[PDB]
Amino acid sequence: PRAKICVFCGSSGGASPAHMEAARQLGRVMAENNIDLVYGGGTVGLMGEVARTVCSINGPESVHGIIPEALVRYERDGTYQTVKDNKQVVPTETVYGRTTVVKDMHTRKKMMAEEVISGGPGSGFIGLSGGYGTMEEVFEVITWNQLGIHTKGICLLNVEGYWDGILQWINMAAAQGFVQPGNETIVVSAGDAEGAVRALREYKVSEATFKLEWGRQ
């Protein structure tokens, strides 16, 4: 079973070029380590970029995008050249990999998460630069790790201190106890892509609790 990483990132490209370059490098590092990609299914912005590079290196079978029925297209213009039996027009498989269309957002999040959770070692969630939606996704999978539903690691790919405020908040919440001790390390940050993939490979759920409790049992 190959490792699978779900990348949460913006539909937009981002003001600084550093975000797009970070998307490229993340794609390159994931492809180099034979890690399959799970993502929102966009062809634009960081999403489209990661999908594009990963698919460029390792083919369509390497990338899986999950799209709700609401965001489906019914006419074959531009990047969308692949047509399903039901006449839904979807992003080009050769350029952006396989895509599944699900009815609602709920089963979409559930499917992406499920694919990551059932992946081999090194499988994890990565949050690249993004807006409100990627944040909701990241905190969702974080909450799921906290509830003991899954043991996969969660890494924030921090480009030019983009995620700094959130890490700051995590620290504050930890200090205030709203995040319980041993749960502060569910999410980790990385300066670069290799850092992030490495973080996902290294991650152990019981590690923080072990460090906390072992000397006292």
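Note that residue numbering begins at 1 and tracks the sequence as displayed.
Remark: stretch with higher mean C-alpha B factor among 94-102 and 131-139 is 94-102.
Look at the mean CA B-factor for 140-148 and for 70-78 in the entry; the higher one is 70-78.
Taking only the listed residues 46, 38, 29, 154, the entry reports the highest CA temperature factor at 29. Split the chain's modelled residues into thirds by C-alpha temperature factor. Residue 209 is in the lowest one. Annotation for residue 166: C-alpha temperature factor in the lowest third relative to the rest of the modelled chain, per the entry. The entry lists a Cα temperature factor for residue 117 that places it in the middle third of the chain's modelled residues. When all modelled residues of the chain are sorted by CA temperature factor, residue 17 is found within the highest third. Placement of the Cα temperature factor of residue 175 within the chain: middle third of the modelled residues, per the deposited record.
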